Amino acid sequence: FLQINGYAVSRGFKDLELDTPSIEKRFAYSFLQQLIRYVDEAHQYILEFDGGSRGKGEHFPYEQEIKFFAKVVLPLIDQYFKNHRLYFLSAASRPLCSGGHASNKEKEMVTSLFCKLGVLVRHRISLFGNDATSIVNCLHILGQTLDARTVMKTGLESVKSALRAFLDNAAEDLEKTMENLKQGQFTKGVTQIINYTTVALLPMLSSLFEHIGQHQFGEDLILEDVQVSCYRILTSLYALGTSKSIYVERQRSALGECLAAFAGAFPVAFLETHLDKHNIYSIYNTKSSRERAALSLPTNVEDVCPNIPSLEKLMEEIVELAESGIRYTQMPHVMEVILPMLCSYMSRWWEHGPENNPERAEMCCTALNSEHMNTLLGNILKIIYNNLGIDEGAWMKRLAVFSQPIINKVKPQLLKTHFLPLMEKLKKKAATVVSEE
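In terms of the authors' numbering, the sequence shown is residues 2895 to 3081, 3088 to 3337.
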């Protein structure tokens, strides 16, 4: 009756303002703000329990807070990130074009939480009541949801320093780990530190390297002193797989996976040092000789990494050991780590090879070709042929999934006359029961 009489009733007060310009508009941003807060309280808590752990009293007044953190903050991060993984991976390509662009502030504070969770998990697995594996999975999903390139190209200097230190601390931890295994060959705090290293430190870095690899982007992440830490990491996790020891035998597979991921993630030719002078994007080329004299850098690529041999030499010992057909239990070094090393190397640098880019002649860094991969995969298949009925295991099982990108890369038309070696090595061993590939 009011309407028909003509009086028009509406809302008492129309909108006065709108909160879209604010970056705390996103409940994700606000929740992550509160989250970083509670984790800062957790950090000062863990400093307090580290002070009291050296003290006699192991009783903690903040046990309720410890349980709250571990049972709420730790799993909620994981579930949120595995549910809205695409939201953080918004890389200006507009994924899910309807919406879901994570802000640069969102990503940078996610990276700060990333780093501070790393700092917390550093050497506290004993304090974690068997939930240390849960923190390991948590930082796995953190690394899978990482978006660090945007925040490093545009971000706050504190976030920059945090993201550097996140891998720096792992760098000196692993380094002193290698000095301690070989100095203390004889059979405690150092044992607990090595347990932390093997259980978490290698897998977290491997997850980060896999993230970098399947984004294919991070040639910007690699920066000054980042190459220094990267060569330290390379030589280190390579010497771990090169040396044989009763301690390292158990964790051989983990370090192999980790360094295989590292080879793919690292975007500068780490094995092609003979013609790396042709590269210009190599940050070791970009820093200039002034920065080489200023920083602790040996000024010569050959002295920087002398332990690792040349690519053609390594592949020719691979060829000759394949021809010899030595058993895997005899010397498992190469079959366990070196073959994934190559597989990741070629898989990453195949599109960078001059065969895919006949342009920029004599500006090509890494030299590789289809026949190179064909010979090396022939070596792999002849090795597995030699070790079919010998000692079996799962190392061939995992190197098969590592070599999957190579068999996708190689043309099936080229892998004619190789179809038969594929069905054979499998059809002939009817007496055996193990199945692979």
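Backbone N, C-alpha and C define an ideal beta-carbon position, used for all residues, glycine too.
Going by beta carbon distance, what residues of the same chain come within less than 6 Å of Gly3113, once the five residues before and after it are set aside?
Mapped onto the sequence shown, residue 3113 falls at position 213. Cβ neighbours of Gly3113 beyond the five flanking positions: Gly3164, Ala3165.
Out of curiosity, what's the CA-to-CA distance linking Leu3239 and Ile3280?
Translated into the one-based positions of the sequence shown, residue 3239 becomes position 339. Translated into the one-based positions of the sequence shown, residue 3280 becomes position 380. Cα to Cα, the separation comes out at about 8 Å.
Counting Cβ pairs closer than 8 Å, one from the stretch 3297-3304 and one from the stretch 3257-3273, do we hit at least three?
Short answer: they don't touch.
Is the beta carbon of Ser3244 within less than 8 Å of some heavy atom of the ligand ZN?
Looking for the ligand ZN in the displayed structure turns up nothing, as the structure carries no ligands at all.
Where do the N-terminal and C-terminal ends of the alpha helix (DSSP H) with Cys3243 fall, by residue?
Taking the first residue of the sequence shown as position 1, residue 3243 is located at position 343. Element bounds for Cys3243: 3239-3249.
Could you pull the start and end residues of the alpha helix (DSSP H) that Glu3324 belongs to?
Counted from its first residue, the sequence shown places residue 3324 at position 424. It is not in any alpha helix (DSSP H) - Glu3324 carries neither H nor E in the DSSP assignment.
Looking only at its own chain, which residues have a Cβ that is under 7 Å from the Cβ of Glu3336, when we skip the five neighbours before and after it?
Reading the sequence shown from its first residue, position 436 is the one you call residue 3336. Same-chain partners within the cutoff: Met3296, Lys3297, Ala3300.
For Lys3297, does the three-state DSSP call read helix, strand or coil?
Translated into the one-based positions of the sequence shown, residue 3297 becomes position 397. It is helical.
What did DSSP end up calling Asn3286 once you bin it into helix, strand or coil?
Your numbering for residue 3286 matches position 386 in the sequence shown. In the structure shown, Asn3286 sits in a helix (DSSP, three-state: H, G or I).
Below 8 Å on the Cβ atoms is my guess for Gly3141 versus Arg3132; work out the distance and round it to an integer in Å.
For the purposes of this step, residue 3141 is taken as residue 241 along the sequence shown, with counting starting at 1. For the purposes of this step, residue 3132 is taken as residue 232 along the sequence shown, with counting starting at 1. That belief does not hold up - the Cβ atoms of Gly3141 and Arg3132 are roughly 15 Å apart, past 8 Å.
Tell me whether the beta-carbon of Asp3125 lies closer than 9 Å to the beta-carbon of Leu3214.
Position 225 of the sequence shown, counting from 1, holds the residue named residue 3125. Position 314 of the sequence shown, counting from 1, holds the residue named residue 3214. No, the Cβ-Cβ distance between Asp3125 and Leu3214 is not below 9 Å.
Reducing DSSP to helix, strand and coil, say where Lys2919 ends up.
Working through the sequence shown from its first residue, we reach residue 2919 at position 25. The answer is helix: DSSP assigns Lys2919 an H, G or I state.
So, for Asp3176: in the same chain, excluding its five sequence neighbours on each side, which residues have a beta-carbon less than 7 Å away from its beta-carbon?
Along the sequence shown, read from residue 1 onward, the residue named residue 3176 stands at position 276. Closer than 7 Å at the Cβ level, and outside the excluded window around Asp3176, lie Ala3169, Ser3182, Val3201, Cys3265.
Can you give the Cα-Cα distance for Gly3012 and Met3104, rounded to whole angstroms?
In the sequence shown, counting from the first residue as 1, residue 3012 sits at position 118. In the sequence shown, counting from the first residue as 1, residue 3104 sits at position 204. If you take the alpha carbons of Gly3012 and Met3104, they lie about 9 Å apart.
Does the separation of the CB atoms of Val2967 and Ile3019 fall below 9 Å?
Residue 2967 sits at position 73 when you count from the first residue of the sequence shown. Residue 3019 sits at position 125 when you count from the first residue of the sequence shown. No, the Cβ-Cβ distance between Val2967 and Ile3019 is not below 9 Å.
Measure the Cβ-Cβ separation of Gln3092 and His3034 and say whether it is below 9 Å.
Position 192 of the sequence shown, counted from the start, is the residue given in the question as residue 3092. Position 140 of the sequence shown, counted from the start, is the residue given in the question as residue 3034. Not in contact: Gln3092 and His3034 (Cβ atoms no closer than 9 Å).
Suppose the cutoff is 8 Å on Cβ atoms and the five residues either side in sequence are ignored; what does the same chain contact list for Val3310 look like?
Position 410 of the sequence shown, counting from 1, holds the residue named residue 3310. Hits under 8 Å: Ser3270, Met3273, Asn3274, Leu3277.
For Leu3155, collect the residues of the same chain with a Cβ closer than 8 Å to its Cβ; drop the 5 residues on either side in sequence, then sort them by chain order.
Counted from its first residue, the sequence shown places residue 3155 at position 255. Around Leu3155: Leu3102, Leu3137, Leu3140, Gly3141, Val3148, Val3237.
Would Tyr2923 pass as a contact of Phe2943 if the rule is Cβ separation under 9 Å?
As a first step, residue 2923 is located in the sequence shown; it is residue number 29 there, counting from the start. As a first step, residue 2943 is located in the sequence shown; it is residue number 49 there, counting from the start. It is not a contact, given that the beta carbons lie outside the stated cut-off.
Does the stretch 2965-2983 come within contact of the stretch 3045-3058, defined as at least 3 CB pairs closer than 8 Å?
No, the stretch 2965-2983 is not in contact with the stretch 3045-3058.
Quick check: what's the CA-CA separation for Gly3225 versus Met3046?
Sequence index remark: in the sequence shown, residue 3225 carries index 325 (1-based). Sequence index remark: in the sequence shown, residue 3046 carries index 152 (1-based). Between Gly3225 and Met3046, the C-alpha separation is close to 48 Å.
How many whole angstroms separate the CB atoms of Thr3097 and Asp3067, which I take to be in contact at a CB cut-off of 8 Å?
Position 197 of the sequence shown, counting from 1, holds the residue named residue 3097. Position 173 of the sequence shown, counting from 1, holds the residue named residue 3067. The pair is a contact, with the Cβ atoms about 7 Å apart (cut-off 8 Å).
Would you list, in sequence order, the uninterrupted alpha helix (DSSP H) runs of no fewer than 4 residues that lie entirely inside the stretch 3174-3220?
Correct list: 3183-3186, 3188-3194, 3201-3204.
Kindly indicate which three-state DSSP category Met3263 falls into: helix, strand or coil?
Taking the first residue of the sequence shown as position 1, residue 3263 is located at position 363. In this structure, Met3263 counts as coil in the three-state DSSP scheme.
Which parts of the stretch 2975-3008 are runs of the alpha helix (DSSP H), unbroken and 4 residues or longer, counting only runs that do not cross its ends?
2979-2982, all fully within the stretch 2975-3008.
Give me the Cα-Cα distance between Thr3173 and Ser3210, rounded to the nearest whole angstrom.
On the sequence shown, residue 3173 is found 273 positions in, with the first residue counted as 1. On the sequence shown, residue 3210 is found 310 positions in, with the first residue counted as 1. Rounded to the nearest angstrom, the two C-alpha atoms are 7 Å apart.
Do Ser3028 and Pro2989 have their C-beta atoms closer together than 9 Å?
Looking up residue 3028 in the sequence shown gives position 134. Looking up residue 2989 in the sequence shown gives position 95. Contact: no.
Three or more C-beta pairs under 8 Å: does that hold for the stretch 2918-2937 against the stretch 2993-3011?
Yes, since at least three Cβ pairs between the stretch 2918-2937 and the stretch 2993-3011 fall closer than 8 Å, the two stretches touch.
Give me the Cα-Cα distance between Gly3023 and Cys3032, rounded to the nearest whole angstrom.
Position 129 of the sequence shown, counted from the first residue, corresponds to residue 3023. Position 138 of the sequence shown, counted from the first residue, corresponds to residue 3032. C-alpha separation (whole angstroms): 15 Å.
Give the secondary structure of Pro3254 by DSSP, where H, G and I count as helix, E and B as strand, and everything else as coil.
The count along the sequence shown starts at 1 and reaches residue 3254 at position 354. Correct three-state label for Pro3254: coil.
What's the C-alpha gap between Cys3205 and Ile2917?
Sequence index remark: in the sequence shown, residue 3205 carries index 305 (1-based). Sequence index remark: in the sequence shown, residue 2917 carries index 23 (1-based). If I take the Cα positions, the gap works out to 46 Å.
CB-CB under 6 Å to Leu3159, same chain, minus the five flanking residues each way: which ones, in chain order?
Within the sequence shown, residue 3159 is the residue found at index 259, counting from 1. Excluding residues within five positions, the ones whose Cβ falls inside 6 Å are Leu3137.
What span of residues does the alpha helix (DSSP H) with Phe3080 cover, start to end?
The residue you call residue 3080 lines up with position 186 of the sequence shown. That residue, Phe3080, is in no alpha helix (DSSP H); it is neither H nor E in DSSP.
Tell me which residues share the same chain as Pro3258 and place their Cβ nearer than 6 Å to its Cβ, disregarding the 5 neighbours each side in the sequence.
Here residue 3258 is taken as the residue at index 358 of the sequence shown, counted from 1. Nothing meets the Cβ criterion.
Just to confirm the assignment, what range does the alpha helix (DSSP H) spanning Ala3160 have?
In the sequence shown, the residue the question calls residue 3160 occupies position 260. Here the alpha helix (DSSP H) through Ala3160 covers 3152-3165.
Quick one: what does DSSP say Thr3091 is sitting in, helix, strand or coil?
Here residue 3091 refers to the residue found at position 191 when the sequence shown is read from its first residue. Correct three-state label for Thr3091: helix.
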